[PDB]
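Here's the structure, in structure tokens; my notes come after.
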């Protein structure tokens, strides 16, 4: 990993197309405060524009904590949306605690790889808080409504195996092989058509986000369209102060 | 448990913040007729209005039947909606049969704790009936479309263990421990912030019910708003006949 | 046992009927039952034939050999919609490979019965393509977003047992008993109300297809309504050049 920029509350490194973002607050079990969130925003954005990065990993430094949520601007919501809009798969690498806002964060990541020591759960109803956005509805679109309501109403803790069984995480491995497996998964992704991946991610987002999700799927198509010759004719003619000729191009039943 | 009002087909009892509504027709496996549904709507309404009650348990009497379903009018549909709109978590405590209309009832309940003798399944297609509302789509949002379509199309019966494995119920325990476990889960919820829970339940309902769901979520936000200094300024400035002063209060944002 | 009656003449497929059951077999084992425009067109035709045959109440889709259901390839998009609009349950009988477009086909079928040798998976981002329609959102509505995004991003293969465990298929049995089991399930559906079934299937589709799903659900309501005295009066009165009298029919709440 090559430490790429200089952050305070987190760490940003890269390697062979993979970008890893690490919350670094083991003292408070990698909890997040307004500042550390803003840094994650900047970092993801950095990875977003970096055409050499095709996959992103999110993890905690502790070794026994991924994130435990936060310590009065609700900027994590902005990060949740960002993680979903980035046209690149985001893998949450979970070790130890993934609680509260921290659990919602691993939830919105495309995939989650957990160490056998990982602990999952919400805390809101206990400490006077709640995430009724992706934290509720999207979670229910992963584990189903009975389990999602259980998770929020009782605020119990769930081990990796429990998480795996309910479809909350994609895989569980010993703590010592966590990053090894995660990088393995990241590389497999780096071998696929990047455009085919961004389109599917958008399609998955459109599944639950109405027009917001359609803006993403339709947006990507607009991007791809500007690539075609047909599209070129459009702005070419505009510049040439003439009427464009699309008949030159084909249709498709 | 302390019994209060006098219902004929059901029993209403409360205990340290828990309201337990019991369908009392063991001779027909706690199947429901218009009368018993009307009373359940009444009882659920009483539990709704009791500021001491925070969780509601729904169950059947006698050990081998939660509810066998319906014995014109289809008032259970009104009950399903009430169950979902009440700001308090409702737990289906299933012992034995939860069939047909009865199965949909345990389904719309937030959580379900089942005894090892519990039997699950739909019967509509067999007996000339069907529930394509929460009975279909919502069931699919718990067990998945493949499993949900299987349940309705073949109308087979499922064990408690099979129900657990597909995510249909939250927990399974021997018949002798059912109520203790259910009460235990209820008390755990009773230790949480009532407002946190109602907002979470509304958000979950908003995930699948469009505007009807948003009305619940937005409505709670209004109730909450009425508790602020900002809103009261408007109410009083509407009682004092003077242009309200809102710049007085902060922006978050 | 079962003697299928081949009923037409197709090049890439085979259409046979037993007794209430229609079976459509992709017959291009040389390319692991991969489909080309023609085989898709032939499937559209065959499914349409099963749709109009009032003696068919269930449909089976399968691959010719015992090592492939379909291995994949747009007009297949029309097929997907057809399989869903047809008011009869469709059962994918999977032996061997169910990959790429072939995996989506089994996915959209109401139920899936797989042989222990069945293999499932997507190959979109590997072979240059993707299915962001039912291929993504609907799959997510079966196995959850975490798993669905995993299936598409890594394009790995999944055994019959792994597909069962994640709710992707309904049942798994030894290769030699595949049809026997499938037919068994089909005959169970056949003894159910055809009308109750079509309404539930329509309701399931309405769960995720907005106005398109509602068109199907309302459409069946319309069809039913036509066989009522109330409706016939409106018709009769129109033919008799007189104003209708619906007062002779009961209101209901």
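Chains as they are written, first to last, in the entry's author numbering: chain A, 5 to 75, 91 to 272; chain C, 5 to 75, 91 to 272; chain B, 2 to 74, 93 to 272. Ideal Cβ positions, reconstructed from N, Cα and C, are used throughout, including at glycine.
- Taking residue 150 (chain B) as the centre and dropping the five residues before and after it, the same chain places the C-beta of 123 closer than 6 Å to its C-beta, in chain order.
- For residue 104 (chain C), the closest of C:49, C:269, C:143 and C:120 by C-alpha to C-alpha distance is C:49.
- Taking all protein chains in view, the Cβ of residue 238 (chain A) is surrounded by fewer than 16 other Cβ atoms within 10 Å, so the residue is classified as exposed.
- When the alpha-carbon of residue 18 (chain A) is set against those of A:42, A:225, A:169 and A:202, the nearest one is in A:202.
- Residues of chain A with a Cβ closer than 7 Å to the Cβ of residue 39 (chain B) do not exist; the shortest Cβ-Cβ separation is about 15 Å.
- Short of 7 Å from the beta carbon of residue 97 (chain A), and not among the five residues preceding or following it, lie these beta carbons of its own chain, in chain order: 45.
- For residue 101 (chain C), the three-state secondary structure derived from DSSP is helix.
- In the three-state reduction of the DSSP assignment, residue 188 (chain B) falls in the coil class, being assigned neither a helical nor a strand state.
- A Cβ of chain C is located within less than 7 Å of the beta carbon of residue 160 (chain B).
- Interface annotation, residue 20 (chain C): not in contact with chain A, CB-CB separation never under 7 Å.
- Shortest Cα-Cα distance from residue 52 (chain B) to any of B:177, B:99 and B:107 involves B:107.
- Straight-line measurement puts the Cα of residue 114 (chain C) at about 8 Å from the Cα of residue 197 (chain C).
- Following the DSSP letters along the chain, one finds residue 35 (chain B) in no alpha helix (DSSP H), marked with neither H nor E.
- Residues are counted here when their Cβ sits less than 8 Å from a Cβ of chain C; for the region 176-195 of chain B these are 186, 187, 188 and 189, given in chain order.
- Here the region 23-40 of chain C makes contact with the region 57-64 of chain C; the two share three or more CB pairs at distances below 8 Å.
- If you compare the alpha carbons of C:146, C:217 and C:167 with that of residue 126 (chain C), the shortest gap goes to C:167.
- Taking the beta carbon of residue 131 (chain A) as reference, the chain B residues within 7 Å of it are 165, listed in sequence order.
- Distances from the alpha-carbon of residue 12 (chain B) to those of B:165, B:129, B:21 and B:36 put B:36 closest.
- Between residue 252 (chain A) and residue 264 (chain A) the beta-carbon gap is near 6 Å, inside 8 Å, which marks them as a contact.
- Taking 7 Å as the CB threshold, residue 211 (chain B) lines the interface with chain C.
- Between residue 59 (chain B) and residue 209 (chain B), the C-beta spacing is below 7 Å.
- When the alpha-carbon of residue 73 (chain B) is set against those of B:47, B:143 and B:137, the nearest one is in B:143.
- The beta carbon of residue 91 (chain C) is closer than 7 Å to none in its chain, skipping five residues each way along the sequence.
- Two segments are said to touch when three or more pairs of C-beta atoms, one from each, lie closer than 8 Å; by this definition the region 131-147 of chain A touches the region 214-222 of chain C.
- Contiguous alpha helix (DSSP H) elements confined to the region 97-157 of chain A occur at 120-127 and 143-146, taking only those with 4 or more residues.
- Checking the DSSP bridge columns, you'll see residue 243 (chain A) has no partner listed.
- In this structure residue 169 (chain B) is in contact with residue 189 (chain A), their Cβ atoms being roughly 5 Å apart against a cut-off of 8 Å.
- Not a single C-beta of chain C is nearer than 7 Å to the C-beta of residue 74 (chain A).
- DSSP places residue 214 (chain B) in the uninterrupted alpha helix (DSSP H) bounded by 213-225.
- A Cβ-Cβ contact shorter than 7 Å links residue 33 (chain C) with residue 116 (chain C).
- Residue 149 (chain A) reaches chain C at 212, 214, 215, 216, 218, 219 and 222, counting residues in chain order whose Cβ is nearer than 9 Å.
- In the DSSP assignment, residue 24 (chain C) falls within the unbroken beta strand (DSSP E) covering 22-27.
- Not flagged as an interface residue toward chain C: residue 228 (chain B), since no C-beta distance is shorter than 7 Å.
- Looking at the DSSP output, residue 17 (chain A) bridges to A:24.
- Using a 10 angstroms sphere on the CB of residue 227 (chain C), the tally of other CB atoms reaches 16 or more, which defines it as buried.
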